[PDB]
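Accompanying notes for the structure given below.
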Amino acid sequence: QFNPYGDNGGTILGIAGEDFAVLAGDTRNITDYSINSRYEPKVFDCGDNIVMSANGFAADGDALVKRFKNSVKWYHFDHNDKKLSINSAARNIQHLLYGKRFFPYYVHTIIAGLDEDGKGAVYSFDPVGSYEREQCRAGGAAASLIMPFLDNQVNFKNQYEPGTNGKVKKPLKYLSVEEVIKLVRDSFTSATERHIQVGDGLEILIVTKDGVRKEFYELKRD
Amino acid sequence: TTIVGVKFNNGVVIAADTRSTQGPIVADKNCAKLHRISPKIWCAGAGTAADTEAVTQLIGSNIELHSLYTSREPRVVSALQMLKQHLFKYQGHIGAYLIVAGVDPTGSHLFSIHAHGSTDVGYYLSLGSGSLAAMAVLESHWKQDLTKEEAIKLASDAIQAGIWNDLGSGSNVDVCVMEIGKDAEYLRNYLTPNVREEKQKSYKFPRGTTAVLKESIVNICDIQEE
Amino acid sequence: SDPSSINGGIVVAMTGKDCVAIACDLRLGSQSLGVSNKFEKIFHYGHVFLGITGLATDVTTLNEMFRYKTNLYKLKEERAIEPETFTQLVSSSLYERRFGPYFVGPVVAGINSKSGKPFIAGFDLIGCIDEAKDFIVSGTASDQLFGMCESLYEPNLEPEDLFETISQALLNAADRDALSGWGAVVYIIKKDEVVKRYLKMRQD
Amino acid sequence: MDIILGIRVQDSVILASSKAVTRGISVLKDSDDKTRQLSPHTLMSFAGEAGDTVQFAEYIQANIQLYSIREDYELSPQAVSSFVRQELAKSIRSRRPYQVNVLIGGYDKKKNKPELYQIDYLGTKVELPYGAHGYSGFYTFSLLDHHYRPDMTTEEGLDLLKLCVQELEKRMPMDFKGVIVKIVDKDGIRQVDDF
Amino acid sequence: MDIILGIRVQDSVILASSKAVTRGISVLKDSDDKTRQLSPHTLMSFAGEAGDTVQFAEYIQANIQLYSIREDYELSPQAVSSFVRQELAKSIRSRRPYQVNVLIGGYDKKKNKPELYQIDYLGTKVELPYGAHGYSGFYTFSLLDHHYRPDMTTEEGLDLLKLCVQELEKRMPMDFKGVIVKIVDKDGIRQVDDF
Amino acid sequence: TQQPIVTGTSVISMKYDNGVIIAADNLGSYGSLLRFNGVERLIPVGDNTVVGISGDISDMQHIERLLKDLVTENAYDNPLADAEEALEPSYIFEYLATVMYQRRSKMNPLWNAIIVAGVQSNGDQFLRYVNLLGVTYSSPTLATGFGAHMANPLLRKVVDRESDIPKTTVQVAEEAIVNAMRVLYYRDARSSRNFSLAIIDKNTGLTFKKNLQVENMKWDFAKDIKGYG
Amino acid sequence: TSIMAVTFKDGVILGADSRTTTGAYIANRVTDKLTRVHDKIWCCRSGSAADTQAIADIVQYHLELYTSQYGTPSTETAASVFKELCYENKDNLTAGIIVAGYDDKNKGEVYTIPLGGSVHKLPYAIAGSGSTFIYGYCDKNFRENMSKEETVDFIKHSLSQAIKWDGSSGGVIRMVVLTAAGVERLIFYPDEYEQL
Amino acid sequence: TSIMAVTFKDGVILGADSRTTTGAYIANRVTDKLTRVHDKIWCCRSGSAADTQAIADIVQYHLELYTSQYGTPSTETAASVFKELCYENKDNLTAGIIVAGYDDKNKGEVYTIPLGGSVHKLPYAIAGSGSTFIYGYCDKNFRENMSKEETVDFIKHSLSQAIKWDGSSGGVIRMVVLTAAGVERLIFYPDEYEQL
Amino acid sequence: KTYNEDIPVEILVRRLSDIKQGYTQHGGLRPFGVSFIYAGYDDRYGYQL
Amino acid sequence: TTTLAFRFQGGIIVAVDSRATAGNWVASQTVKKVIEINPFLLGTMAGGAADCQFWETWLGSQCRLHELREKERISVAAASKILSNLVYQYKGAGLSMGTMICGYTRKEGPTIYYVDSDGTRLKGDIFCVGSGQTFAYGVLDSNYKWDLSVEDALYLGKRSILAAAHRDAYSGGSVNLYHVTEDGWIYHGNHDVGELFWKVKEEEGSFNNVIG
């Protein structure tokens, strides 16, 4: 017998901003209960202010980062050094996934960058095909831990003004690039203490109108 | 779940993790895992979480009986032979894998018992999911004839091997050191690694933030009479 | 499918300083179809509060089971049962039916009258006592609850900080879970005074 | 399975059960009643697994009537429901279950109020102002949110029910040959001969 | 569902097919039909499994029609059935079958005679004075062999179909929503609706 | 549907300051039957890399042959790629991996685990893993099979993380590997007394020691093990 | 795992390894597979580990009582006790015991019980699962009636081969010697036969 | 079956057993398992009777073609022909093949090929169904570079032990002697090897 | 437990009398020498003595 | 999931929900289940998400090479009949599908088709597909009217998904309504269901079984 998909855990978090975008993930790789690697990026730059992570099962997850960058290449070659949009890349990812549908990939992809308007944009794909635009979408194994805490501090989900008791919902505001560092670092602090596939390290890529910044923080060492 | 039980010259020291899991999710950051058959017969348990706690409580019951019916100290063997017998009837439908340790008048002991009724004896045994890792560290540093101050360090570094490399294991490391004809000392929370950082902010909220539909006061008190 | 996810249900419980709070949803489904938005999963024997999640029928069976056992305790020893003593009886009743068990996951929440300490405890299917002095969560949105609850919560809260935290914790998992929500009741349990506060929340 | 709707208006519980009974490939009987009178003001309608249903409906009717002739005072709907709940609980632990879903309607003469109750095959009692079991349920719980109002009279309630039936008749691909209606109210347990 | 009937009378082929489609747990259309013209005096009603019915209806249609323009010669209903069967047999042996049952009712121009052919998903044609398919077929057969006479007029075949319909409403455990009848006469293919 | 027949196990490896040490057991099991002894599985590829292969012996031998052919394909043309612009760990590795990924597509995989460890022409330690699924991961200490729970914890005492690559000398590093082989000879049923230890230093090259014994073994404590009672 | 027992002039010498594998992970490696079930009648356990030990406790209970009421058991008696527990729960209790012992009237005797539970007397026995590699060695070079020195080497040399060819056999070689002189334990560490 | 091959100083001697079971009914009790695939490179079949024969046929077609265009093949050349067919059909076919031949420049040689195909040099090799039983006796009684007459007797003793334990090997013991002199058949009838 | 309503006074008092009757009726066991006055309440007739 | 469409006198109202669950866990609350195939066609999303999202972009590819070749705008019946034959091929590979292609042309009127994985194609006047298609039918079919205003119809589409959303586990998020006219689809925007609900509880006086 051959069981050709395993897992390597990991957890990723994509947040769309309003002048930047955040695609972050942990660097821990596992197989079962043994820690394989403490450090191992999953959040690869592809240039053009697109960051991709195809997170989950590693062997698939490296295949769609290979095949993706190969197409960044062959686009730049046959369109006279065209700048790859978020829009273009998204629909292309869709084709690359969908084409294997009799032997699917078993990863959870998320992209991030700026769109063409000077705002953040995050699209998140299921392994089969489809996609939708986001403002938060976690993925990976501790998704269900990290997502509902991000919907309560960004979108202000089910909160009302103080002492209005349901009359008027709390107003949305813009979040600074600085503030969003705190949100992502705090989620994974809480995540480590309650989940056993996350820890060691956290690598946030933050995408702006000047370049891509890697910013590395430790977590609990188990 | 990494649980070592290391025998030494003047006693036995048995140490465990404080992590209790329910599936992949960490139920409790700190929970006890060392339980007490008898005041001189400690045990820690690995395998299925309910069936660790109850089977210890139950052969716990009958030994306490038995120690008082005999007007003498309850021996390590007494416990061992009842556990053993009890587990075999259900033919390995009760999931428990206990390291049993203890002192008694007839010396220091250390046993391991499988869910059916295999029992083994070394001078160091380990059970759990951590078993593999734990065991590696022991075989390098360990020798025959270890002092107390030696023993405890060997027990601690052994569970810490467990924490780093096993994911069913984590949080604090508990110890209980037993020496023959001296009181049994429980050092819960002996060695604390993985101390939780300060959260980036408070997530406290002003009054009135959430919406109530209705309120009431409901009574927990008995009926009164004026 | 799952014998504990076929009507859903959740219970969250938190401690504070000098207070506890427990809360459940009010959903009874039969699979996909919602049948009722007014079935309790919290009950009270004395001043102890026992929230019970999992399969629909065993919530109810188990309520009348402990109703029976709590009566005989009170009658013989001439007091209302304490939280800590009761937790041991919740464990044993599950374990008696070790095979083919009650497909529940209760939560014990009280404040001891003999020491004045918040005290909470939990159980799985077979029932392993899960100590805490944080919070214990149980049910079908429990993966979400464990993350969400930990993140807001600061160790020790005031009696009405505690109403704002455990209310938000419960709302946000319950509207990201399909078998939870649909009206919810949050209790604040102080020394001698329990208030039952229904919550305005999403019905869709 | 078979239709089984309840609707509890401010002065009567209106229960309805399907006429058609299909055992084998063919409808064998087209007018069979699926109810038993427990008490003069307590009615139990059933549908479920063929041949468990007959035994469980007649078993409970023996025990409730025995209790009624004893004290000469009929038990509340509240009580009946709980005794019903209790057996179904016991039957899934036993070797072979009774898988019989029942809607209990009764007029409680002690609160002087009508009351309806739903007990599923697992044994969950729920008070509800209307309810339903099986696949029948799916088309009428939504339609009933639209027109129900708590303060309705019985004849208003009968035309609502004939609306409910009508919706089932098209959208269900299983024939039921209309309902039989039976009302439970404080003057007794009566029938309606109109569909 | 899947009910198609044939009653050959001595001047007309009377094919009637169902007005209901059921996909999933509800009826999606209760006002539908399930028949395609082959020839202007050859009519094929088809029914059976999900989604093979439409796609195999139009495949065969493209084919009979290709011949019929090309040579401006109608085919014999006899010819027509052989082709349909040839295709059905072949698909059992090929990777992907078609599970569909067809009655091809036509009026031959050459002999001036109705001919009715019943083809199963296996692909066996067999000439019948009357024929059916599915479990629906069972109820109907026993009536046709009692009351049939081979000397019938058009109206007599219509009045007979009323008995068959009346029976089906009673015994059938499922809905089917009446039938559109189609009469393959020697003048055209003319549609009437049965009551 | 793939199934190994004959199996090899356990290859352990770690980084040190100026280079890497790779070592493996050499015993070709057949389940219960310990059927071969001396089955070398440290394949030196060039002079700056050892590739240690584990798993099925059948599959291993077929990629032993691929390994020799990479060197022959590189040696056509390129008179400046003699050894100075020849193969690096990083290239050898990639080729290995992209055959195995492709075989997983097919569902007829090479059932192995492969460590590649060397030192690159950059002057940089390299230590990576690829396996039967094609999961890539780099790691400062590494094992295959059942030494991924046994050997691994013990070597993670010495070289924990990337901050301690230049604090572990080759005097510690030999010993640590030696010590794991012993703990594996105790608790693992498919390991033999024979093991091969290879040191890749960048200033003294591939020093390839073959046929070391596991020595300094304790079994005296077994004398005071009597019956259970 | 390899277990054996060989008869010789002064009585019977029992022999065992000490590795007990489960899977690929060796649980215990100093296992004492040689159990006293009376005081001159010792046994050897192989097969399903909990199910052999359970039976042995019951046999011990039978013989301790047998001694106390009726007089001392024989090799024959003890083996019989063993058989009838394996035989009557022969679907679920899976046991291969070699019952070896020194009588003061018939000397050493060996019985072998395989997994069905049928007694068979033998002048040496081998049972296990590491003893399928040394079957041809044990028969060719064995002699009935060997002196003491010879016997101890015969069982060592076989287990050395068992160790070599079977990886579920390993560690210390334990021997218990049952004779009229008494009950003497010998222990042989690995260098002492890996030397050969 | 039980097949083996064993070297000595003039060349290599191949050994076999002519029992071939289908179930417990012997299909033919004088099957010759020793096959010539090149003039001086022989092989030993075991396992499924079809399977082994089809591959020995194709190695024989490929050494017919090797020797006619590339000069005489060595033991090695022939070994890698077998390996590469067994690898490419291990999930369709099963073979055990021991390959033994004489090269002039390297004397007698023995390669073994398990079911997945791997190639392994050895100085003696054992495969078959009765091979498990004689392992430990082989490793004691084997030298190297010994007289011809001692090799003929090592094989005799080994396969008489194999017949003693295994059901599925019996009948005459064939030998093929590859030397620089030529090919000598020997055959031993049951009553000679049964004593020795 | 089974009817989710508290036991009527009539029912609980007839039940005690039946156990007592039983021992004088069958088994050869002494009767229990006890006599109770029951003070009890129910919704059905209010106070009953 | 529950997506319905009805012909009336203005065109077709399409009405969709946005709750896309993974089961117990609710994946996203903002998933669009409307797919702009061109400016005169919209396709609903039902069954496999991935399968419908892909193939109806790719129907957009066959709409634009129909349009060019014939220099005339595509028939709605022609659109449906491209898609039908595509999913017939992949039947027995087990790809799941549930789409309503909705269009309005001037040479055929409003026409809905329901394209399905089977190869099944049914035209019609009302459909609802989803894992809560049963709730939706009830309200919509009683209060059905052919002769209806644009204003009433918009409230009727909303209300139908609402009823389904309330009892259905897997329905919610937000609803989105479109009104397909001749001249194109006009978007009527995004309404939250959990916020729509309380408005409709006061005004109508429905839902007397729901707390408040």
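Residues in the structure tokens are named by chain (A, B, ... in the order shown) and by number from 1 within that chain; ligands are numbered from 1 in the order shown.
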### Query
Using only C-alpha atoms, which chain B residues lie at most 8 Å away from chain F, written as a list in words?
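Residues passing the distance filter: residues 77, 119, 120, 121, 122, 132, 133, 136, 137, 139, 140, 144, 161, 164 and 165 of chain B.
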Residues as selected, N, CA, C and O atoms, written as a short mmCIF file (atom, residue, chain, number, x, y, z; two decimals), in the first residue's frame, can you do that?
```
data_model
loop_
_atom_site.label_atom_id
_atom_site.label_comp_id
_atom_site.auth_asym_id
_atom_site.auth_seq_id
_atom_site.Cartn_x
_atom_site.Cartn_y
_atom_site.Cartn_z
N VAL B 77 4.68 -4.96 45.56
CA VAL B 77 4.19 -6.19 44.92
C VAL B 77 2.69 -6.35 45.02
O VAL B 77 2.05 -7.02 44.23
N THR B 119 4.65 -7.20 32.63
CA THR B 119 5.25 -6.41 33.63
C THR B 119 6.68 -6.59 33.41
O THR B 119 7.17 -7.65 32.91
N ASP B 120 7.54 -5.54 33.55
CA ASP B 120 8.96 -5.59 33.31
C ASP B 120 9.60 -4.90 34.47
O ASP B 120 8.94 -4.25 35.29
N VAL B 121 10.91 -5.20 34.64
CA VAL B 121 11.66 -4.62 35.66
C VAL B 121 13.04 -4.26 35.05
O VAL B 121 13.68 -5.13 34.41
N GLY B 122 13.47 -2.98 35.26
CA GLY B 122 14.77 -2.54 34.93
C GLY B 122 15.07 -1.81 36.21
O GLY B 122 14.46 -2.02 37.26
N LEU B 132 10.54 6.85 23.96
CA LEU B 132 11.64 6.75 23.14
C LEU B 132 12.79 7.72 23.44
O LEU B 132 13.87 7.32 23.75
N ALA B 133 12.38 9.04 23.48
CA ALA B 133 13.25 10.16 23.76
C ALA B 133 13.88 10.23 25.10
O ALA B 133 15.05 10.36 25.27
N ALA B 136 16.59 7.56 25.59
CA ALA B 136 17.88 7.86 24.98
C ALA B 136 18.92 8.57 25.92
O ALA B 136 20.08 8.18 26.03
N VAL B 137 18.42 9.65 26.58
CA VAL B 137 19.23 10.47 27.48
C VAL B 137 19.73 9.63 28.61
O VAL B 137 20.89 9.56 28.93
N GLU B 139 20.50 6.39 28.96
CA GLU B 139 21.47 5.39 28.71
C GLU B 139 22.91 5.84 28.54
O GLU B 139 23.81 5.02 28.52
N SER B 140 23.09 7.16 28.47
CA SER B 140 24.36 7.80 28.25
C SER B 140 24.90 8.31 29.53
O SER B 140 26.05 7.98 29.94
N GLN B 144 25.36 2.66 37.39
CA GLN B 144 24.93 2.00 38.62
C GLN B 144 25.53 2.72 39.75
O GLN B 144 26.65 3.20 39.64
N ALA B 161 14.16 16.23 27.65
CA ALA B 161 14.29 15.52 26.36
C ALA B 161 12.94 15.21 25.72
O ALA B 161 12.62 15.54 24.59
N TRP B 164 11.11 18.73 24.49
CA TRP B 164 11.68 19.41 23.32
C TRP B 164 11.19 18.67 22.08
O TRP B 164 10.85 19.28 21.07
N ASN B 165 11.23 17.29 22.20
CA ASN B 165 11.24 16.56 21.02
C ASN B 165 9.96 15.84 20.74
O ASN B 165 9.64 15.41 19.66
#
```
### Message
At a cut-off of 9 Å, using only C-alpha atoms, what residues contact residue 191 of chain A? Leave out same-chain residues fewer than 2 positions from it and give the result as a PyMOL selection string.
### Response
(chain A and resi 142+145-146+186-189+193-196+198-199) or (chain C and resi 146-147+150-151)
### Task
Just the residues within 8 Å of residue 192 of chain E, please, counting only C-alpha atoms, with nothing from its chain fewer than 4 positions along; format it as a count of residues only.
4
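With atom CA of residue 92 of chain A on one side and atom CA of residue 136 of chain F on the other, the separation reads 24.7 Å.
Interatomic distance, atom CA of residue 106 of chain G to atom CA of residue 76 of chain G: 10.3 Å.
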### Message
Rounded to one decimal, what separation in Å do you get between atom CA of residue 4 of chain G and atom CA of residue 131 of chain G?
### Response
8.4 Å
### Query
Skipping near chain neighbours, those fewer than 4 positions away, what residues fall within 7 Å of segment 11-22 of chain I using only C-alpha atoms, listed as a PyMOL selection string?
chain I and resi 7+26+31-32
Using N, CA, C and O atoms, can you export the residues from the last selection as a PDB file, in the first residue's frame?
```
ATOM      1  N   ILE I   7     -43.756  13.588  43.762  1.00  0.00           N
ATOM      2  CA  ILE I   7     -44.676  12.501  44.066  1.00  0.00           C
ATOM      3  C   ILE I   7     -45.868  12.973  44.895  1.00  0.00           C
ATOM      4  O   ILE I   7     -45.701  13.566  45.956  1.00  0.00           O
ATOM      5  N   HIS I  26     -45.718 -12.619  53.141  1.00  0.00           N
ATOM      6  CA  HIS I  26     -44.831 -13.644  52.722  1.00  0.00           C
ATOM      7  C   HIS I  26     -43.427 -13.388  53.126  1.00  0.00           C
ATOM      8  O   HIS I  26     -42.957 -12.240  53.383  1.00  0.00           O
ATOM      9  N   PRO I  31     -42.256  -8.335  60.959  1.00  0.00           N
ATOM     10  CA  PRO I  31     -42.696  -7.071  60.481  1.00  0.00           C
ATOM     11  C   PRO I  31     -41.817  -5.979  61.108  1.00  0.00           C
ATOM     12  O   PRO I  31     -41.130  -6.249  62.032  1.00  0.00           O
ATOM     13  N   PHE I  32     -41.880  -4.759  60.540  1.00  0.00           N
ATOM     14  CA  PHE I  32     -41.102  -3.701  61.145  1.00  0.00           C
ATOM     15  C   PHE I  32     -42.086  -3.048  62.025  1.00  0.00           C
ATOM     16  O   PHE I  32     -43.216  -2.919  61.530  1.00  0.00           O
TER      17      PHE I  32
END
```
### Task
Write out as a PyMOL selection string the residues lying within 9 Å of residue 38 of chain I, counting only C-alpha atoms and excluding same-chain residues fewer than 6 positions away.
chain I and resi 9+13+48-49
### Task
Just the residues within 12 Å of residue 172 of chain F, please, counting only C-alpha atoms, with nothing from its chain fewer than 4 positions along; format it as a list in words.
residues 14, 15, 16, 17, 21, 155, 157, 158, 159, 166, 167, 168, 176, 177, 178 and 179 of chain F
### Message
I need the chain G residues near chain F as a VMD selection string; criterion: at most 6 Å, counting only C-alpha atoms.
### Response
chain G and resid 24 to 26 30 165 to 167
Output of the above residues as a PDB file, in the first residue's frame, restricted to N, CA and C atoms:
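Final output, saved to again.pdb:
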```
ATOM      1  N   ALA G  24       9.543  -2.178  16.284  1.00  0.00           N
ATOM      2  CA  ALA G  24      10.911  -1.897  16.031  1.00  0.00           C
ATOM      3  C   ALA G  24      11.564  -1.431  17.307  1.00  0.00           C
ATOM      4  N   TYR G  25      10.774  -1.113  18.373  1.00  0.00           N
ATOM      5  CA  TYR G  25      11.226  -0.485  19.620  1.00  0.00           C
ATOM      6  C   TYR G  25      11.253  -1.636  20.615  1.00  0.00           C
ATOM      7  N   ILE G  26      12.481  -1.917  21.276  1.00  0.00           N
ATOM      8  CA  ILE G  26      12.753  -2.988  22.252  1.00  0.00           C
ATOM      9  C   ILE G  26      12.329  -2.436  23.595  1.00  0.00           C
ATOM     10  N   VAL G  30      16.533  -7.130  29.271  1.00  0.00           N
ATOM     11  CA  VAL G  30      17.182  -7.654  30.509  1.00  0.00           C
ATOM     12  C   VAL G  30      16.119  -8.465  31.158  1.00  0.00           C
ATOM     13  N   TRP G 165      21.208 -14.308  13.713  1.00  0.00           N
ATOM     14  CA  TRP G 165      20.298 -14.494  12.578  1.00  0.00           C
ATOM     15  C   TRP G 165      18.911 -13.967  12.884  1.00  0.00           C
ATOM     16  N   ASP G 166      18.680 -13.637  14.172  1.00  0.00           N
ATOM     17  CA  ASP G 166      17.353 -13.173  14.599  1.00  0.00           C
ATOM     18  C   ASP G 166      17.480 -11.999  15.409  1.00  0.00           C
ATOM     19  N   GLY G 167      16.830 -10.920  14.970  1.00  0.00           N
ATOM     20  CA  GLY G 167      16.974  -9.640  15.626  1.00  0.00           C
ATOM     21  C   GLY G 167      16.007  -9.272  16.696  1.00  0.00           C
TER      22      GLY G 167
END
```
### Test item: residues at most 7 Å from segment 71-77 of chain E, only C-alpha atoms, excluding those fewer than 5 positions along its chain, as a PyMOL selection string
chain E and resi 39+42+106-108+115
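For chain G, the residues no farther than 10 Å from chain H when using only C-alpha atoms are residues 131, 132, 133, 134, 135, 136, 137, 138, 139, 140, 141, 157, 158, 159, 160, 161, 162, 163, 164 and 165 of chain G.
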### Message
Please extract the residues of segment 33-196 of chain A with a backbone DSSP assignment of helix (DSSP H, G or I) and present them as JSON, numbers by chain.
### Response
{"A": [58, 59, 60, 61, 62, 63, 64, 65, 66, 67, 68, 69, 70, 71, 72, 73, 74, 75, 76, 77, 86, 87, 88, 89, 90, 91, 92, 93, 94, 95, 96, 97, 98, 143, 144, 145, 146, 147, 148, 149, 150, 179, 180, 181, 182, 183, 184, 185, 186, 187, 188, 189, 190, 191, 192, 193, 194]}
### Contact residues (chain I, partner chain C, 12 Å, only C-alpha atoms) as an NGL selection string
:I and (1-5)
### Message
To test your reading of the structure, identify every residue in segment 71-133 of chain G that backbone DSSP assigns to strand (DSSP E), and report it as a list in words.
### Response
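Going through segment 71-133 of chain G, the strand (DSSP E) residues come out as residues 95, 96, 97, 98, 99, 100, 101, 102, 103, 107, 108, 109, 110, 111, 112, 113, 120, 121, 122, 124, 125, 126, 127 and 128 of chain G.
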Residues just named, written with C-alpha atoms as a PDB file, in the first residue's frame:
```
ATOM      1  CA  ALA G  95       1.365 -19.551  24.904  1.00  0.00           C
ATOM      2  CA  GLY G  96       4.490 -21.522  24.188  1.00  0.00           C
ATOM      3  CA  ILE G  97       6.026 -22.711  27.555  1.00  0.00           C
ATOM      4  CA  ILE G  98       8.864 -25.105  27.896  1.00  0.00           C
ATOM      5  CA  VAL G  99       8.516 -26.722  31.261  1.00  0.00           C
ATOM      6  CA  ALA G 100      11.866 -28.108  32.399  1.00  0.00           C
ATOM      7  CA  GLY G 101      12.736 -29.544  35.705  1.00  0.00           C
ATOM      8  CA  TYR G 102      14.827 -31.860  37.884  1.00  0.00           C
ATOM      9  CA  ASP G 103      13.170 -34.671  39.695  1.00  0.00           C
ATOM     10  CA  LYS G 107      16.113 -36.676  36.838  1.00  0.00           C
ATOM     11  CA  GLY G 108      15.598 -33.962  34.204  1.00  0.00           C
ATOM     12  CA  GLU G 109      12.753 -33.985  31.772  1.00  0.00           C
ATOM     13  CA  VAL G 110      11.707 -31.504  29.183  1.00  0.00           C
ATOM     14  CA  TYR G 111       8.240 -30.799  27.822  1.00  0.00           C
ATOM     15  CA  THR G 112       7.334 -28.551  24.914  1.00  0.00           C
ATOM     16  CA  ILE G 113       3.877 -27.078  24.545  1.00  0.00           C
ATOM     17  CA  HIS G 120       5.250 -33.711  23.962  1.00  0.00           C
ATOM     18  CA  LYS G 121       8.237 -35.067  25.824  1.00  0.00           C
ATOM     19  CA  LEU G 122      11.658 -34.217  24.286  1.00  0.00           C
ATOM     20  CA  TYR G 124      15.820 -30.954  24.295  1.00  0.00           C
ATOM     21  CA  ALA G 125      13.379 -28.426  23.233  1.00  0.00           C
ATOM     22  CA  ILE G 126      13.343 -25.225  21.255  1.00  0.00           C
ATOM     23  CA  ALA G 127      10.259 -23.071  20.766  1.00  0.00           C
ATOM     24  CA  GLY G 128       9.964 -19.403  20.004  1.00  0.00           C
TER      25      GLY G 128
END
```
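Near chain F, within 10 Å and using only C-alpha atoms, the residues of chain A are residues 1, 2, 3, 4, 5, 6, 7, 8, 29, 30, 31, 33, 34, 35, 36, 37, 38, 39, 40, 41, 57, 58, 59, 60, 61, 62, 63 and 103 of chain A.
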### Task
Please determine the contact residues of chain C with respect to chain A at a cut-off of 8 Å, counting only C-alpha atoms, and supply them as a ChimeraX atom specification.
/C:143-148,150-151,168,171-173,176,200-201
Could you please tell me, as a compact mmCIF listing (two decimals) with N, CA, C and O atoms, in the first residue's frame, which residues of chain D have an atom within 8 Å of chain E when using only C-alpha atoms?
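Resulting contents of out-v1.txt:
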```txt
# COMPACT_ATOMS: atom_id res chain seq x y z
N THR D 22 -47.52 2.50 3.40
CA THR D 22 -46.95 1.89 2.31
C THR D 22 -45.95 0.99 2.94
O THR D 22 -44.98 1.51 3.49
N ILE D 25 -44.09 -2.30 -1.81
CA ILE D 25 -43.93 -1.45 -3.00
C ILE D 25 -45.26 -0.71 -3.21
O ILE D 25 -45.31 0.16 -4.05
N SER D 26 -46.33 -1.18 -2.54
CA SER D 26 -47.62 -0.82 -2.81
C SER D 26 -48.22 -0.29 -1.56
O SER D 26 -48.01 -0.79 -0.45
N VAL D 27 -49.04 0.79 -1.64
CA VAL D 27 -49.93 1.24 -0.62
C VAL D 27 -50.93 0.18 -0.49
O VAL D 27 -51.51 -0.32 -1.47
N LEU D 28 -51.15 -0.29 0.76
CA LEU D 28 -51.94 -1.51 1.15
C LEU D 28 -53.19 -1.06 1.83
O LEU D 28 -54.20 -1.73 1.79
N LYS D 170 -47.28 18.95 -3.74
CA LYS D 170 -46.36 19.19 -4.83
C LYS D 170 -44.91 18.86 -4.60
O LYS D 170 -44.29 18.31 -5.47
N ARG D 171 -44.33 19.31 -3.45
CA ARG D 171 -42.87 19.37 -3.39
C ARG D 171 -42.38 18.08 -2.83
O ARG D 171 -41.26 17.70 -3.14
N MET D 172 -43.21 17.29 -2.16
CA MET D 172 -42.83 15.96 -1.73
C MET D 172 -42.94 15.02 -2.88
O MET D 172 -43.99 15.09 -3.47
N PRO D 173 -41.98 14.12 -3.15
CA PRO D 173 -42.13 13.08 -4.20
C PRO D 173 -42.65 11.78 -3.63
O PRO D 173 -42.34 10.77 -4.23
N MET D 174 -43.36 11.81 -2.45
CA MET D 174 -43.88 10.67 -1.81
C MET D 174 -45.31 10.97 -1.55
O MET D 174 -45.65 12.08 -1.09
N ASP D 175 -46.31 10.05 -1.80
CA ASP D 175 -47.69 10.36 -1.76
C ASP D 175 -48.10 10.17 -0.33
O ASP D 175 -47.61 9.34 0.49
```
